[PDB]
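Have a look at the structure below, then the notes.
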Amino acid sequence: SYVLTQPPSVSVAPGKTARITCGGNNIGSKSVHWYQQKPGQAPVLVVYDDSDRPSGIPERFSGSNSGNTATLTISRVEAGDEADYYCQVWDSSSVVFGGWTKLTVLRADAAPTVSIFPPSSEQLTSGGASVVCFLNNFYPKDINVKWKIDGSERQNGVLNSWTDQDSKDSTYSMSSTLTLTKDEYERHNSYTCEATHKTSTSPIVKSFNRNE
Amino acid sequence: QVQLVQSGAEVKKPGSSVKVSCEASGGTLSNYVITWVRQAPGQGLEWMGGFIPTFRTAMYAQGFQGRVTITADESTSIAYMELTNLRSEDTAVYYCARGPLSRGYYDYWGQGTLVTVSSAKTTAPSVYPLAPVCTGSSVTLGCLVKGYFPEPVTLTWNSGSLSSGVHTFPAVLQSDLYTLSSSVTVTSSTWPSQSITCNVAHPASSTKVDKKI
């Protein structure tokens, strides 16, 4: 019932300073704790009691609390700082977390590096046939894949998944998997996947022939 | 050095219940607050409750409908969370965390236990190498991990010694079977002159598989 209002995103240039707000109703007389959760990991305490810092946490991480707003302040932000952040109080015998703030770090545009992969022998031998396309290390995050089979766009059996902002170079990556049966895969010759992205007027296209 | 460790990923039918363990490896849970914090896929942390063993007092959040039961062991070394009448919204990662009794924060955290509420049956993964079709100056390789249930799989390249240049993608569910993929980018001067191996572990089915690319 006590609410904590964080923004969903904060965005900062590398080397510059990020400020994440924890809007709380007279929060300034409460003790405020902050957590960092990188993709794949468990939360880590980074600031306790408004402004105290556990040993191990860089000095770049700093906290403050007054009025209706507590603030985590990360200065000289690097790509390693990309994470979801949470603030935490007690109120009336309960613990409360604000929704996550995702910190994204800025960087320069980058065109996707695109690669295509025919089914494996193991998979043909099992009766399956997956064509995989990686669209890697691009920025900004928005991207699109198109699959053509022998010239015509196909939409079914396509599976997509995106990475979180990369921890070292601040880019984004995408996997695309078109899955058919060994039979259906062999009723055709031309497999094509094409990447459309801000950094280009024309789509980046990779392709192969079952023949070779 | 003191470490919270939780029991392994869990799968439970709709309607049943799950119990999860939290052990203070080489430590203690006296003089401490232990707390359980769940996280729905791609959603935020939510407090389920917390239990002080010395004051022998448990506390719970609303929104659980009296569904949570938090306890602790007589050795006072191990903590338990119990969730009854599981619905598909209970699919979550469940963390425990410990903090000082005098203070309000949690500086120690378990690795989390994935609980998946489903009727689907366990299935070991198929692991396919992705090799460069038919050379440039940098080359991308990959593994395709297909047809498994439940989560998680753990993927590494070269038993962990290769982690630079890696993109491991979030698993995606299609018709109760997951799919995972991962690419590693190396410089051609490297491949195939050196093994680059995909390692996939899937504890639910007790499978470890290696695939040289």
Side-chain angles (χ1 to χ4, degrees), chain A residues 1 6 30-35 37 39-45 47-49 52 54 84 86 88-90 93-100 113-123 126 128 130 132 134 136-137 157 159-164 166 168 173-177 179 206 208 212, chain B residues 4 6 33 35 37 39 42-50 57 59-62 93 95 97 99-100 103-112 126-134 138-144 146-147 164-165 167-174 179-183 185 211:
Chain A
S1 197
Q6 304 187 223
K30 296 192 183 285
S31 304
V32 171
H33 322 299
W34 287 91
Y35 301 88
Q37 187 177 40
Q41 310 183 356
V44 181
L45 181 78
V47 171
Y48 64 96
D49 292 307
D52 290 317
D84 288 336
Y86 296 98
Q88 190 249 306
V89 296
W90 277 87
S93 316
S94 288
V95 173
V96 176
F97 294 93
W100 43 261
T113 297
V114 183
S115 297
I116 190 166
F117 301 93
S120 54
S121 295
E122 297 72 325
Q123 192 183 10
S126 76
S130 288
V132 172
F134 294 127
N136 287 350
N137 304 85
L159 179 142
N160 291 344
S161 169
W162 298 265
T163 44
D164 284 286
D166 193 271
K168 313 221 187 91
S173 287
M174 184 189 181
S175 175
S176 200
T177 300
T179 296
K206 298 297 151 159
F208 71 91
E212 274 213 89
Chain B
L4 296 185
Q6 301 176 212
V33 177
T35 189
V37 177
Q39 174 166 62
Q43 279 190 61
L45 301 172
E46 70 181 307
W47 188 72
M48 299 172 76
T57 170
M59 322 160 274
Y60 300 122
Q62 68 186 6
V93 175
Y95 300 96
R103 308 307 277 164
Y105 54 84
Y106 305 95
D107 55 321
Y108 284 80
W109 288 80
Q111 84 256 44
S126 301
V127 181
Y128 307 130
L130 309 175
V133 53
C134 297
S138 64
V139 57
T140 297
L141 320 171
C143 263
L144 174 68
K146 212 161 171 315
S164 172
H167 297 297
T168 300
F169 296 87
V172 175
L173 192 68
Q174 267 176 18
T179 295
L180 197 146
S181 63
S182 169
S183 42
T185 291
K211 225 72 178 53

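The figures here come from the full heavy-atom set of this structure, side chains too, leaving out hydrogens, waters and symmetry mates. Every chain is numbered from 1 and lettered A, B, ... according to where its sequence line falls, protein lines coming before strand lines.
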Would A/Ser130 and B/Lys146 satisfy side-chain contact (heavy atoms from CB on, under 4.5 Å), going step by step from the backbone distance to the final call? CA-CA 10 Å; A/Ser130 288; B/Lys146 212 161 171 315; 3.3 Å; yes
Does A/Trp90 use its side chain to pair, donor to acceptor, with the backbone of B/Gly104 at less than 3.5 Å? yes
Pair B/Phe169 + A/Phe134: ring centers closer than 6.0 Å: yes
Closest contact, heavy atoms only, B/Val133 versus A/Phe208: CG2-CB, 4.1 Å
So, does B/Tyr128 use its side chain to make a donor-acceptor pair with the main chain of A/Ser121 at under 3.5 Å? no
Does the pair A/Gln41 and B/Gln111 meet the rule for a side-chain hydrogen bond (donor to acceptor under 3.5 Å, both in side chains), with working shown? CA-CA 7 Å; A/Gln41 310 183 356; B/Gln111 84 256 44; over 6 Å; no
Could you check which of A/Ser120, A/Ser161, A/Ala42 has the highest count of heavy-atom pairs closer than 4.5 Å to chain B? A/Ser161
For A/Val132, is it the side chain, the backbone, both or neither that has a heavy atom under 4.5 Å from a heavy atom of chain B? side chain
Gap between atom OG1 of B/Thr140 and atom CG of A/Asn137 - 0.5 Å precision: 8.0 Å
Checking B/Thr168 against chain A: side chain, backbone, both or neither under 4.5 Å from a heavy atom? backbone
Let me know if A/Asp166 has heavy atoms under 4.5 Å from chain B in its side chain, its backbone, both or neither. side chain
Chain B contact via A/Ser173 - side chain, backbone, both or neither, heavy atoms under 4.5 Å: both
By a 4.5 Å heavy-atom criterion (distance strictly below it), what part of B/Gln39 contacts chain A: side chain, backbone, both, or neither? side chain
A/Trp34 versus chain B, the contacting section by heavy-atom distance below 4.5 Å: neither
Cut-off 4.5 Å, heavy atoms of chain A, and the answer for B/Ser182 is backbone
Counting heavy-atom pairs under 4.5 Å with chain B, the top scorer among A/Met174, A/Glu122, A/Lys168, A/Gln123 is A/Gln123
Quick one: what part of A/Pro43 sits under 4.5 Å from any heavy atom of chain B, side chain, backbone, both or neither? both
Need one label for B/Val139: side chain, backbone, both or neither, based on atoms under 4.5 Å from any heavy atom in chain A. neither
Report which part of B/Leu130 has an atom under 4.5 Å of a heavy atom belonging to chain A: side chain, backbone, both, or neither. both
Interface moiety of A/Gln88 toward chain B, non-hydrogen atoms closer than 4.5 Å: side chain
